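Worksheet for the structure shown next.
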Amino acid sequence: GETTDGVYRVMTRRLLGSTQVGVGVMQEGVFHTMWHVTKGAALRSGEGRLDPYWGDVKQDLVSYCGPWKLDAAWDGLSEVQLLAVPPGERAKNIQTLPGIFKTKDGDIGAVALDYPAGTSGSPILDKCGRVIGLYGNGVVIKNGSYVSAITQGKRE
Amino acid sequence: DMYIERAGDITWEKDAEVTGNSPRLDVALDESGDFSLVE
Ligand SMILES: Cc1cnccc1NC(=O)c1cccc(-c2nccs2)c1
């Protein structure tokens with residue numbers, strides 16, 4: 001299967017036509033997405049298969065072919081880029097200053113950008129092109145808009 | 001049955017479009033991985 005680093009669409013044929021259920025990141029031979037996109041199911045890349053390796057419903061993350069590789073963090077100060085891959089539309093970088101999710105277990109960066117649910121798993125980048133987390137898990141505000149965490153996993 | 005299609009390189013792009021605000025929100029994370037607004 002295709003193992004080149006980069007951003008990938010996650011598609012299903014189990015509905016009408018081909019439907020984009022989300023996005024993810026191939027890095028060091030590991031495929032990274034959000035748990036709610038695949039629900040932990042296997043994936044096809046050509047006639048190659050990608051089996052789940054690690055996942056956690058609470059973090060809403062899953063890795064394929066190996067352990068989670070993405071370890072960069074939001075600095076807490078600088079503007080970042082959502083590399084949005086919307087359904088049927090080209091990858092487009094959107095630059096934003098993350099707000100904060102305040103939780104009993106600590107603060108998490110958050111990005112206030114509206115995109116369809118199929119964009120779940122698009123990566124968030126720092127100025128050096130490092131993935132600081134994924135887009136697609138968060139909260140719907142009064143505006144009817146979505147604010148997503150910057151979801152990141154742990155590298156062991 | 002789900003499959004992946006490459007969509008691009010992962011790269012910072014100078015003079016992207018710039019947008020979004022920076023809200024500070026009190027949130028709770030439940031065991032099913034769903035965030036909710038605390039007020
Ligand atoms: C499906 C799911 C399951 N479990 C957790 C999170 C989610 N994620 C969303 O529901 C979602 C993700 C991105 C964007 C949006 C919106 N954009 C604008 C209006 S709501 C929703």
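We label chains A, B, ... in the order they appear in the structure tokens, count residues from 1 in each chain, and number ligands from 1 in the order shown.
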
Give me, as a PyMOL selection string, the set of residues whose atoms come within 6 Å of any atom of ligand 1, counting only C-alpha atoms and all ligand atoms. (chain A and resi 36+114-117+120+136-137+140+145-146) or (chain B and resi 34)

Skip residue 44 in chain A itself and residues of its chain fewer than 3 positions away, then list as a ChimeraX atom specification all residues within 10 Å of it, counting only C-alpha atoms. /A:1-2,10-11,47-51 /B:1-5

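Secondary structure by DSSP on the backbone puts the following residues of chain B in strand (DSSP E): residues 2, 3, 4, 5, 6, 7, 8, 17, 18, 24, 25, 26, 27, 28, 29, 35, 36 and 37 of chain B.
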
As a list in words, please: every residue in range 1-152 of chain A that DSSP puts in helix (DSSP H, G or I). residues 35, 36, 37, 38, 117, 118 and 119 of chain A

Could those residues be written to a file, using N, CA, C and O atoms, as a PDB file, in the first residue's frame?
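Saved file selection_21.pdb follows:
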```pdb
ATOM      1  N   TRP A  35     -10.509   8.308  16.536  1.00  0.00           N
ATOM      2  CA  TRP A  35     -11.246   7.047  16.795  1.00  0.00           C
ATOM      3  C   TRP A  35     -12.650   7.120  16.180  1.00  0.00           C
ATOM      4  O   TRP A  35     -13.059   6.143  15.539  1.00  0.00           O
ATOM      5  N   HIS A  36     -13.341   8.259  16.312  1.00  0.00           N
ATOM      6  CA  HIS A  36     -14.747   8.386  15.824  1.00  0.00           C
ATOM      7  C   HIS A  36     -14.815   8.264  14.280  1.00  0.00           C
ATOM      8  O   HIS A  36     -15.891   7.935  13.777  1.00  0.00           O
ATOM      9  N   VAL A  37     -13.715   8.398  13.544  1.00  0.00           N
ATOM     10  CA  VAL A  37     -13.706   8.277  12.056  1.00  0.00           C
ATOM     11  C   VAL A  37     -13.828   6.807  11.637  1.00  0.00           C
ATOM     12  O   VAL A  37     -14.675   6.510  10.774  1.00  0.00           O
ATOM     13  N   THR A  38     -13.015   5.913  12.217  1.00  0.00           N
ATOM     14  CA  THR A  38     -12.898   4.490  11.780  1.00  0.00           C
ATOM     15  C   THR A  38     -13.642   3.569  12.748  1.00  0.00           C
ATOM     16  O   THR A  38     -14.031   2.476  12.297  1.00  0.00           O
ATOM     17  N   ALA A 117     -18.154  17.468   9.179  1.00  0.00           N
ATOM     18  CA  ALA A 117     -17.663  16.408  10.099  1.00  0.00           C
ATOM     19  C   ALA A 117     -16.668  15.478   9.393  1.00  0.00           C
ATOM     20  O   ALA A 117     -15.687  15.024  10.053  1.00  0.00           O
ATOM     21  N   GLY A 118     -16.832  15.252   8.086  1.00  0.00           N
ATOM     22  CA  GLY A 118     -15.887  14.452   7.284  1.00  0.00           C
ATOM     23  C   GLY A 118     -14.462  15.012   7.280  1.00  0.00           C
ATOM     24  O   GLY A 118     -13.598  14.256   6.783  1.00  0.00           O
ATOM     25  N   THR A 119     -14.219  16.256   7.752  1.00  0.00           N
ATOM     26  CA  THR A 119     -12.862  16.888   7.879  1.00  0.00           C
ATOM     27  C   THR A 119     -12.146  16.412   9.156  1.00  0.00           C
ATOM     28  O   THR A 119     -10.899  16.638   9.307  1.00  0.00           O
TER      29      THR A 119
END
```

Can you tell me which residues surround residue 28 in chain B at a distance of at most 9 Å, considering only C-alpha atoms, apart from same-chain residues fewer than 4 positions away, and format the answer as a PyMOL selection string? (chain A and resi 101-104) or (chain B and resi 34-38)

Atomic separation - CA of residue 27 in chain B relative to CA of residue 72 in chain A, Å: 22.9 Å

Contacts of range 19-22 of chain B within 8 Å, only C-alpha atoms, excl. fewer than 4 positions in-chain, as a ChimeraX atom specification: /A:94-100,110-113

Export C-alpha atoms of the chosen residues as a short mmCIF file (atom, residue, chain, number, x, y, z; two decimals), in the first residue's frame?
```cif
data_model
loop_
_atom_site.label_atom_id
_atom_site.label_comp_id
_atom_site.auth_asym_id
_atom_site.auth_seq_id
_atom_site.Cartn_x
_atom_site.Cartn_y
_atom_site.Cartn_z
CA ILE A 94 -5.98 27.84 7.33
CA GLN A 95 -3.94 29.89 9.82
CA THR A 96 -5.51 30.69 13.29
CA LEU A 97 -4.58 31.61 16.91
CA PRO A 98 -5.86 28.77 19.14
CA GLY A 99 -8.12 29.56 22.08
CA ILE A 100 -8.04 27.36 25.24
CA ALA A 110 -8.54 24.76 20.66
CA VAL A 111 -9.18 26.03 17.06
CA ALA A 112 -12.43 27.89 16.10
CA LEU A 113 -12.94 26.87 12.42
#
```

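Residues within 9 Å of residue 10 in chain B, counting only C-alpha atoms and excluding same-chain residues fewer than 2 positions away, are residues 5, 6, 7, 25, 83, 123, 125, 129, 130 and 131 of chain A; 8 and 12 of chain B.
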
Using only C-alpha atoms, the best pick from A:132, A:80, A:42, A:69 as closest to residue 12 in chain A would be A:42

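Distance-wise, CA of residue 60 in chain A and CA of residue 79 in chain A end up 24.0 Å apart.
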
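Atom pair CA of residue 70 in chain A / CA of residue 15 in chain B has a distance of 25.2 Å (rounded to one decimal).
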
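Nearest to residue 109 in chain A of all the residues B:13, B:18, B:7, B:25 is B:25, based on only C-alpha atoms.
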
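When only C-alpha atoms are used to measure the gap to chain B, the shortest distance among A:82, A:62, A:34, A:43 belongs to A:43.
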
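The smallest atom-to-atom distance between chain B and any of A:143, A:55, A:71, A:13, using only C-alpha atoms, is found for A:13.
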